[PDB]
C-alpha cells in the first residue's frame, strides 16, 4: 500500500513529472456573519478552464529544522507530496500540497495532511494553515473535509500581479 515519508536527497532525481493542474469550474463567494465573525461562502459556477497550481526548489526542504517535504509513494513511484514550513505565528504552513491528477479523490491528500499534522505536533506547533484562491473550489472542499475553517480573506493582494481579474485569497486554519 501507499507510503508517506520524508523526502531524501537521493529522491531528487527519481522525482517524476507530477501533474498539479486542476480544472477551475466555480468560485467561492465570501460573506461575513455577525455571529462569531464566521466567514461563510456560497459557490458560483464560472466558465471552466485548466490551470497549474505552480519558485519551489525541493532541495531547500531537505535537512532543515523548520521546513520539510513528505512524499507519497505508490507502486515505486512518487504520486504526491506536501511542502511545509513553520510560520511566524507558530503554525505549520502548507506551501503546496499536490496529488498527481490521475490519483486524486482516492485519499492520498488526506494521508499527506495527517502526516503534516504529526510534523506540526512534533515541533510544538499549535495548528496548520494555508492560503488558496477562491477559484480552487476542489482544494477548498478538501480542506473543509480535513477540518480546516476559513479565518480570513483578501480581495486586493492578487491585484499586484493582475488588475483585470478578481481573484480572492482565502486563509484556512486547523487548530489542534
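Positions refer to the first chain, counted from 1.
Unmodelled residues of the deposited sequence between neighbouring positions residue 54 and residue 55 number 4 to 9. Relative to its counterpart among 18-26 and 162-170, 162-170 has the higher mean temperature factor, C-alpha atoms as listed in the PDB entry. The PDB entry reports B-factors from which the mean C-alpha value can be compared for 104-112 and 37-45; the larger average falls on 37-45. Ranking 140, 129, 32, 150 by Cα temperature factor from the entry places 32 first.
When the CA B factors of the chain's modelled residues are split into thirds, the value for residue 86 lands in the middle one.
Among all modelled residues in this chain, the alpha-carbon of residue 133 has a temperature factor (C-alpha) in the middle third. For residue 7, the recorded CA B-factor ranks within the lowest third of the chain. Only modelled residues enter the ranking.
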